[PDB]
Every structure is written in C-alpha cells, then in structure tokens.
Amino acid sequence: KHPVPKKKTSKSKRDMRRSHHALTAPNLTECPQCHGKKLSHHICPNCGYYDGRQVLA
Amino acid sequence: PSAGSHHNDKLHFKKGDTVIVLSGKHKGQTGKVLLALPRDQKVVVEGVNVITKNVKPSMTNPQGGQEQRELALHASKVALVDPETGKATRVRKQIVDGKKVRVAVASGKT
Amino acid sequence: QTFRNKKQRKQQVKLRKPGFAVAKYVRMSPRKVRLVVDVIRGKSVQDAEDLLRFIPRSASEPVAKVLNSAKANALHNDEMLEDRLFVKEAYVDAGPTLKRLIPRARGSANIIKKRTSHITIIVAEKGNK
Amino acid sequence: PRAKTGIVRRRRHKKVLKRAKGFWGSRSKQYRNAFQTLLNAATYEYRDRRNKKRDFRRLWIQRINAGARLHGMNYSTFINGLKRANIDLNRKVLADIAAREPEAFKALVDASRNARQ
RNA sequence: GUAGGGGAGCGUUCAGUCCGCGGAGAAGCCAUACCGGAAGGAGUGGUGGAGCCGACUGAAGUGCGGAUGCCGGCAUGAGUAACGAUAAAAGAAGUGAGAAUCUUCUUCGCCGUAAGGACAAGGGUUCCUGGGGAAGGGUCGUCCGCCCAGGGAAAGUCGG
RNA sequence: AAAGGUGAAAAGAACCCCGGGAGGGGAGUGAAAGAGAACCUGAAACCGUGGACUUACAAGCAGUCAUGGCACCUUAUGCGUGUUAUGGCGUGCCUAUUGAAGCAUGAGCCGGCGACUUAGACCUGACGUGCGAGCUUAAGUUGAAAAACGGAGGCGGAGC
RNA sequence: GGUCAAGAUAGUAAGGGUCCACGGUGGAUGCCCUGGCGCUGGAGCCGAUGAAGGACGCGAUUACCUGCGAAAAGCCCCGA
Ligand SMILES: [Ca+2]
Ligand SMILES: [Ca+2]
Ligand SMILES: [Mg+2]
Ligand SMILES: [Mg+2]
Ligand SMILES: [Mg+2]
Ligand SMILES: [Mg+2]
Ligand SMILES: [Mg+2]
Ligand SMILES: [Mg+2]
Ligand SMILES: [Mg+2]
Ligand SMILES: [Mg+2]
Ligand SMILES: [Mg+2]
Ligand SMILES: [Mg+2]
Ligand SMILES: [Mg+2]
Ligand SMILES: [Mg+2]
Ligand SMILES: [Mg+2]
Ligand SMILES: [Mg+2]
Ligand SMILES: [Mg+2]
Ligand SMILES: [Mg+2]
Ligand SMILES: [Mg+2]
Ligand SMILES: [Mg+2]
Ligand SMILES: [Mg+2]
Ligand SMILES: [Mg+2]
Ligand SMILES: [Mg+2]
Ligand SMILES: [Mg+2]
Ligand SMILES: [Mg+2]
Ligand SMILES: [Mg+2]
Ligand SMILES: [Mg+2]
Ligand SMILES: [Mg+2]
Ligand SMILES: [Mg+2]
Ligand SMILES: [Mg+2]
Ligand SMILES: [Mg+2]
Ligand SMILES: [Mg+2]
Ligand SMILES: [Mg+2]
Ligand SMILES: [Mg+2]
Ligand SMILES: [Mg+2]
Ligand SMILES: [Mg+2]
Ligand SMILES: [Mg+2]
Ligand SMILES: [Mg+2]
Ligand SMILES: [Mg+2]
Ligand SMILES: [Mg+2]
Ligand SMILES: [Mg+2]
Ligand SMILES: [Mg+2]
Ligand SMILES: [Mg+2]
Ligand SMILES: [Mg+2]
Ligand SMILES: [Mg+2]
Ligand SMILES: [Mg+2]
Ligand SMILES: [Mg+2]
Ligand SMILES: [Mg+2]
Ligand SMILES: [Mg+2]
Ligand SMILES: [Mg+2]
Ligand SMILES: [Mg+2]
Ligand SMILES: [Mg+2]
Ligand SMILES: [Mg+2]
Ligand SMILES: [Mg+2]
Ligand SMILES: [Mg+2]
Ligand SMILES: [Mg+2]
Ligand SMILES: [Mg+2]
Ligand SMILES: [Mg+2]
Ligand SMILES: [Mg+2]
Ligand SMILES: [Mg+2]
Ligand SMILES: [Mg+2]
Ligand SMILES: [Mg+2]
Ligand SMILES: [Mg+2]
C-alpha cells in the first residue's frame, strides 16, 4: 500500500501538463438597448433589459 | 546605540548665545541659540530652518499644510565668537566678584 | 545627453514608470491570478475592463482594481489619451508567504502556505502601429 | 582567528556553473549536476580528440575509393599503386584532390595503374 | 595508476612592515570571447555607497557533494486529497464598496432523560454596549468565543 | 528559540490621482526615494514577463567531437560568441567491493555551518640556526611602548 | 501561361528547450556596532536594624522595562 511519486517532476514536464489550463474568454456582446457589456442568452446587467426591463437595476 | 555623550555630555555654549555655523550649507552663517539639548548634542539657531510637510489631517484642521520651521544641528556648528568669526575658546578666569568663569578667546570676554 | 558620472545622473534625471501600477501583497495564489491575468494580456484596455466583469474567477476583482489604477496613472500623471490605451504588459509575481500549522491524523502537523501576489499592469498607447 | 568560507565557495561554484552553457535542465543550474556532468564530459573531450584524428582518417578514405572506383579501381589497388609508384607519396588528404579536381585524380589513377603493370 | 611515501605550489582570514588606492567612488555583487602548467589571476563595463588592493614575513577556527549530516529558504507531488458526521433547506425584505454565508420575516427538517435547564471542577473577561475587519474562522464575511474601547460582578440569613 | 542596519540630519512624504482599504502613480524633501519605513548591500535555489534560435516519426546518464543553418559583434570579424539541425562516439556521483550504469549504500534543490587539533622543561628522527669539547637554563627578581639577570638542575664526557 | 501526372521542399506551436534582457521571491556575501569571549589586575561576603529573591502597588494619561515604596519615577542634609 501507499503509492508515492518516484522522482521529482521536471519543470519542463510539469509545465506541459498545464498546457490545458487556459481560461476561455467570455464571448461578450454589445447590449442593443443599454450601452455595452452583455453575456448572451442572459439579461444585460447594467440596464436590466432582455427586451424590455426585467430585473430592477 | 549610545549617542551624543561621547562629548562627555557637556555643551560648549549656552542657551542664549550668538553662534556661527561651519559645516555644510550653512557655513559662515550666524544666529542666536534657541534650543540646546546637550545629551543629543542638538542646537537650534534662527535661519537654518526648513519645510516640514505637516500632519495630513486633524491637528484642529482638515487639510494638512506645509510651513517653515526650525531644524536643529549636531554641535557641528562652531561656538561662541567675538573677534568676529570662527574662534576657539579658553578663558575661564573670574569676572567681577571673581566667581563667574567667564569666556574669552585670544581676546576679551564673551 | 552624456553625463559626467552616475552621481551625475541621479541628480539630473529621475526614473519614472509610465502606465504602470502594482498591487503588492494581494492575498491570493499567483498561479490563479495568472490564469485571469493571461486573459487580459495585450487586449485593448476597454476590453480588459469588459472581460474582467464576466470572468467568474475570484481574482478578477483585485486584477481589475489594478487595471483601473494603470488607466488612471496613464491619464492623470502621464497625460496619455485613453482611446489609444491597451495593456502592453501584465504579470504576477510571488509575494511573501504566510504559514500555519494545521493538525493532521495521528499527531503530525503540516505547514500550509497562504500565498500572496504582486499583480502588476502596464498600459501604453496603441500608437505602436 | 576564524576564517569562514565566504566568497571562496561561490567563486568556485560559479566557474563550474559557467562551464555549463546549453546544458539541459538542472545540468545548467544546480552546481552538483553541473560538476558531475563535467566529470563525464572530461572523459568525452579527451577520448574524442584522439578519435577525431581517426575519424577524419575514415572520411578521407571513404571519399578516395569513391573517386577511385569512379575511375574503375578500388582504394586498395590505388593507394598501393601510388606507393608502388614510390616517389609518389602525396598521401595526406588525397581526398580533396579527388573531390575537387577530377582532371588531376584521373591522372593519378593512370599513374597508379601504370605502376601496377 | 588505488592505498601509501615524497616534491613544488594556489586561494581565505588575522598580525607586523612596506607601496599605495578610495565620494571624479572602496569592499561585496553581476556579465564577459584575456592571461598562467593547475589551484587561479587581471582588463573593461553594470551595481553599490565606505572602506581596500599588491609585495615580504609570521599565525591559523584556512579550502565540501556527499555524512538517512546541521540551520534556513525554496521546490515536486498539484491546482491534486481534503474542507471534520447524510439533522435538509427555500423564498422575500434589509444593510453594505462588496452577500449562498450578517440582520429581519414567513415556512420547512432535527433533538426533546436532549442535541432543553441548574450546579461542581476547571477556564479567565470569553459576559453586555458601541465600533473594526489584518490575521485567527477549514470558503465568504458587513459576522464571530477574533481585535479596540467603555461598562457589568453588590449578601448578618446561599457556599467557604 | 530566532533575533540586527532609512538618512549626515525626520527634513519621516502637505497636496493631487485609481482604490472600502491594502497597494501604488505623481508633487515635494534629500546628494541619492537607483534611501520610503516589509526602509544598507541583495548571491543562489525557486516563480514569472519579453526577445533570439529552435522543437509535434521521435528510443534519448542528457554530454562530447565533427560539419551545415540562423542570429550577433564592448577582453570581439576570430583558431570568434549564442543557438540549432544532422553524423560518429558515449553505462550518473560517491561509498563499499574479487567485481557498480547497476534492480547494492547515500542524497529533492540551493545557500551558509561542518571533521587529523591542542598540550607537556615527554620520547625518536629530517631540515635550519647559534655556540662548540662543551651546550643550556627552571622557578623567580628587577625592568616593561622594550629585555636583561637568575647555574638550582638537564644533556655530552666510560664501559662491563 | 492553364489544367493533369510524378517528385521534392517550406512555414503553423498547444506547449517545451538553450541563451539573452528585465523583474519577483529569499537573505548568503561585503561593511558596521549597541553584543559577546579570554587573559591580566583589582576588589570580595550579605542578613532579626528583615538578606538573597519575589508579590502588590506609586504616573494627568501606563501594557512592558527602569526607579521607588502608602511620605511611594520620590522626601531631607552636604559637596561638585
Ligand atoms: Ca481540476
Ligand atoms: Ca494525481
Ligand atoms: Mg502489499
Ligand atoms: Mg490530537
Ligand atoms: Mg567518447
Ligand atoms: Mg592513408
Ligand atoms: Mg566609482
Ligand atoms: Mg574574475
Ligand atoms: Mg556615506
Ligand atoms: Mg574546521
Ligand atoms: Mg567525497
Ligand atoms: Mg548536503
Ligand atoms: Mg531541510
Ligand atoms: Mg472525512
Ligand atoms: Mg437565507
Ligand atoms: Mg443599497
Ligand atoms: Mg473584498
Ligand atoms: Mg449551511
Ligand atoms: Mg448565523
Ligand atoms: Mg419584513
Ligand atoms: Mg445541558
Ligand atoms: Mg472558578
Ligand atoms: Mg470568576
Ligand atoms: Mg457576545
Ligand atoms: Mg449585540
Ligand atoms: Mg460586539
Ligand atoms: Mg477578513
Ligand atoms: Mg489591524
Ligand atoms: Mg477567511
Ligand atoms: Mg435583606
Ligand atoms: Mg456556612
Ligand atoms: Mg542609521
Ligand atoms: Mg497598500
Ligand atoms: Mg496610500
Ligand atoms: Mg532636488
Ligand atoms: Mg523604488
Ligand atoms: Mg536601496
Ligand atoms: Mg508597503
Ligand atoms: Mg550607510
Ligand atoms: Mg534592501
Ligand atoms: Mg511571458
Ligand atoms: Mg519565453
Ligand atoms: Mg508517425
Ligand atoms: Mg520532424
Ligand atoms: Mg519518449
Ligand atoms: Mg545532437
Ligand atoms: Mg559482494
Ligand atoms: Mg562492472
Ligand atoms: Mg536506478
Ligand atoms: Mg543507486
Ligand atoms: Mg550493506
Ligand atoms: Mg531513498
Ligand atoms: Mg627537557
Ligand atoms: Mg611539571
Ligand atoms: Mg501559448
Ligand atoms: Mg523571498
Ligand atoms: Mg565590507
Ligand atoms: Mg565590547
Ligand atoms: Mg528586597
Ligand atoms: Mg503612580
Ligand atoms: Mg514593576
Ligand atoms: Mg507611614
Ligand atoms: Mg543640593
């Protein structure tokens, strides 16, 4: 019992694990009603529109 | 660090004396002694002073305020004078009544 | 243009840091903050403000407050025009590290590393090109 | 008088480390693998120098019979026939003669063949 | 050419004497394609900001890769395992820079010879009020048994 | 247990800017803020950002030697420097051993600490100095910015 | 020149490596002294008149140290 790693990992080999840790940028879009900032199939957080006003802000 | 009293905790001058600076920016300039703290060898003389940016708030005021103010020197100034500059100093040799050990240089009393 | 020595140059010229601000000792792990900072890097400075309100990582908050400070210094102090600005450089480095013992099974402790970050951003005009 | 190690050890170590240029990994950065790699590298440098003498020997020869057989005789029945042509003895890097002037290496082929008759 | 014997030497600190150097910049550090048969030594540049080289002689706490060696720092495992009982939680409202986690309301589920209440040992301000938000809290935190300040503790008859 | 260092002097950073703050950017002071209170220097391991040359049919103790490619030009246009592709060759280090690449010990890495010394009128040799058929002092006394004196005693000189 | 065939050969880097440049971490190295170590030489007992060592207190404001003790960061006399 008790597996434990055998040699230390090289900086090269460990950094090439992390080859897949890249965050995906949000695909943002321009609110047609507010000024800008909006996430798709969601309300515009600033003005509250989702064709007219929804949420209070 | 023990400080100031390598000079045997003595001053080579008094609280109200006229004195001249030799040292740095203020060499050859003159002024009255105002504060003389002996155990830190500090001296304040008129016209040596500088711009203390002062307590950003609430010294009874909202805004801060620069203002010119006295900035003391180590006994790096050179002391009593009469024959009109510099001056070493020796005499301690009885005025009237014979008791006070007044001062002199190569000349008369201080 | 050429000075007499180095004491020379320290008097005549003062180093200054156009477009740069830094948050030191931010109490976060540098490799995390790096994931989100990498999302910023080289984007037009508006997008960077735009991307950071929707990235759902906790590090977005400290990273945005640095970016605004960089935008601010580029404008107030360095008198750049802000429709040219973009993030020329951004990068996070280690800080100190707080440590605690945390008890474990059978009696033994471990030391756990609460890591900080120096997050810095450097904006510049896109008048390169 | 105490006489701690200071400045001595860093200087030595830095000279070892600087021998490590594009050494891979911790070969370039940790002193101990840098120095150890250098022990084996000593072995290689000396052996190889001696061997490089013998390696260019080989390249020499391998060009010379390629030209020789281009003229219809092998190395063996050639460097023989120059030496059997005795005073002909130019020997050192005939390779280059075969590799650049063929008008000359053809004449040397004719000389060797005349000597073997 | 191993143990081993022999020879000539390089570098470090300290001491004596000499020759000197230093804010127009010293030691230390950093780069480097020069030099010597080696240990090594110089040149130039960058850094630093107050001491120091060379020669001759003397004395050593004088030369590290190892010792499951010591102290310290930092890595790998790795954004992994875990986040401490399978007694659930939901919505509205509020405060705030900021809220799944703080306050309120209304429901829901869990203990009920307990997971309710009163004492003794032991602890020592943890109590209440007003503030705070570094760290402590296994997340957060506007909250807390955390931090700051101010109060609170009453005996002829209870216990000694 | 660990323990240290602004600056000559606190002149210890008024005021403005982003931020709840923390943090920073300016303006000032100062010779220097390339000293700003996580305050002399600031190596190395470790973490990053940018650039050059490279790498997605490759078998590899990580080098070494050879040659082509591409950069570069401050001991430097060369018998250069950096980096590459490709060929040849190539079984970590120490210890312990008849025999170690060993699937035998030790070790994550770097920094610093870390092991043939001291003592004695002791023995026995090599080398060097003084005096030489003779050489020398010990305890101590007196003088000390310095050393002289002190024959008690010790070794040769006769052996069996 | 355009199709068709045969053949050869470049550039992409998700991420890596060597070098360089620039920083972060961290506290070696140099310099420094407020702190030690030793030898030499001085000096060498304290207490029932309360010792050595402590406890509690004394400040406008006092947590620590220092000094002191309800006369409590001190009171009287003498000399500098
Ligand atoms: Ca994951
Ligand atoms: Ca795993
Ligand atoms: Mg089993
Ligand atoms: Mg336990
Ligand atoms: Mg070889
Ligand atoms: Mg031949
Ligand atoms: Mg200089
Ligand atoms: Mg050198
Ligand atoms: Mg100085
Ligand atoms: Mg030793
Ligand atoms: Mg060894
Ligand atoms: Mg070791
Ligand atoms: Mg360790
Ligand atoms: Mg569990
Ligand atoms: Mg709720
Ligand atoms: Mg509100
Ligand atoms: Mg917050
Ligand atoms: Mg819950
Ligand atoms: Mg609650
Ligand atoms: Mg309500
Ligand atoms: Mg109960
Ligand atoms: Mg009690
Ligand atoms: Mg009580
Ligand atoms: Mg409470
Ligand atoms: Mg309350
Ligand atoms: Mg409260
Ligand atoms: Mg908090
Ligand atoms: Mg606090
Ligand atoms: Mg927390
Ligand atoms: Mg009653
Ligand atoms: Mg009773
Ligand atoms: Mg100081
Ligand atoms: Mg801050
Ligand atoms: Mg501030
Ligand atoms: Mg100025
Ligand atoms: Mg700075
Ligand atoms: Mg500095
Ligand atoms: Mg700070
Ligand atoms: Mg200094
Ligand atoms: Mg520093
Ligand atoms: Mg990068
Ligand atoms: Mg790179
Ligand atoms: Mg394939
Ligand atoms: Mg290929
Ligand atoms: Mg493979
Ligand atoms: Mg190769
Ligand atoms: Mg055996
Ligand atoms: Mg074998
Ligand atoms: Mg193995
Ligand atoms: Mg092994
Ligand atoms: Mg064994
Ligand atoms: Mg092992
Ligand atoms: Mg004797
Ligand atoms: Mg005896
Ligand atoms: Mg990439
Ligand atoms: Mg550090
Ligand atoms: Mg030094
Ligand atoms: Mg002392
Ligand atoms: Mg007492
Ligand atoms: Mg009091
Ligand atoms: Mg007390
Ligand atoms: Mg009384
Ligand atoms: Mg008196």
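Neighbour counts are summed over all protein chains in view; Cβ atoms, including those assigned to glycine, are modelled from backbone coordinates with ideal geometry. Read the figures in this text as sums done on the coordinates, not as results from a lab.
What pairs come out if I take residues in the stretch D:40-62 that are away from RNA strand E (no atom under 14 Å from the Cβ) and pair them with residues that are assigned to a helix (DSSP H, G or I) whose C-beta lies under 8 Å away, six or more apart or interchain?
Listed pairs, sorted by first residue: D:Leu59/D:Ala95; D:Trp60/D:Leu94; D:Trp60/D:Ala95; D:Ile61/D:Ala95.
Taking the stated definitions as given, is C:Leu52 closer than 30 Å to A:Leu39 by Cα and away from chain A (no Cβ under 14 Å)?
No; evaluated as a whole, the condition is false for this residue.
Six or more apart or on different chains, Cβ under 7 Å: which pairs go from a residue in the stretch A:7-29 that's within 20 Å of C:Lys32 (Cα to Cα) to one that's of a type in the set (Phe, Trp, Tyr)? Could you list them?
Between residues of the stretch A:7-29 that are within 20 Å of C:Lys32 (Cα to Cα) and residues that are of a type in the set (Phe, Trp, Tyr), the close pairs are A:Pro26/C:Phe54.
For residues in the stretch C:1-45 being polar (S, T, N, Q) and within 14 Å of chain A (Cβ to nearest Cβ), which is farthest from ligand 33 (Cβ to nearest atom)?
C:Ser44
So if I check each of D:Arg10, D:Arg27, which one is closer than 30 Å to A:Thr9 by Cα and surrounded by 14 or more Cβ atoms within 10 Å (Cβ to Cβ)?
Sole residue among the options that is closer than 30 Å to A:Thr9 by Cα and surrounded by 14 or more Cβ atoms within 10 Å (Cβ to Cβ): D:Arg27.
Might you check whether a residue that is facing another protein chain (nearest Cβ under 10 Å) and more than 16 Å from ligand 5 (Cβ to nearest atom) occurs anywhere in the stretch C:57-73? Write out each step before concluding.
Within the stretch C:57-73, the subset facing another protein chain (nearest Cβ under 10 Å) is C:57.
Then drop every residue that is not more than 16 Å from ligand 5 (Cβ to nearest atom), which leaves C:57.
Yes, that holds for at least one residue.
Mind telling me which of the residues A:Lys11, A:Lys37 ends up being surrounded by 10 or more Cβ atoms within 10 Å (Cβ to Cβ) and within 11 Å of chain C (Cβ to nearest Cβ)?
Sole residue among the options that is surrounded by 10 or more Cβ atoms within 10 Å (Cβ to Cβ) and within 11 Å of chain C (Cβ to nearest Cβ): A:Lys37.
From D:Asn65, D:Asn51, D:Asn74, grab the single residue that is more than 30 Å from A:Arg14 (Cα to Cα), within 16 Å of ligand 5 (Cβ to nearest atom) and away from every other protein chain (no Cβ under 14 Å).
Working: D:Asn65 fails: within 16 Å of ligand 5 (Cβ to nearest atom); D:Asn74 fails: within 16 Å of ligand 5 (Cβ to nearest atom).
The conditions single out D:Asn51.
Looking only at residues in the stretch D:67-103 that are assigned to a helix (DSSP H, G or I), within 16 Å of RNA strand F (Cβ to nearest atom) and not charged (D, E, K, R), which one is surrounded by the fewest Cβ atoms within 10 Å (Cβ to Cβ)?
Here the residue is D:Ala99.
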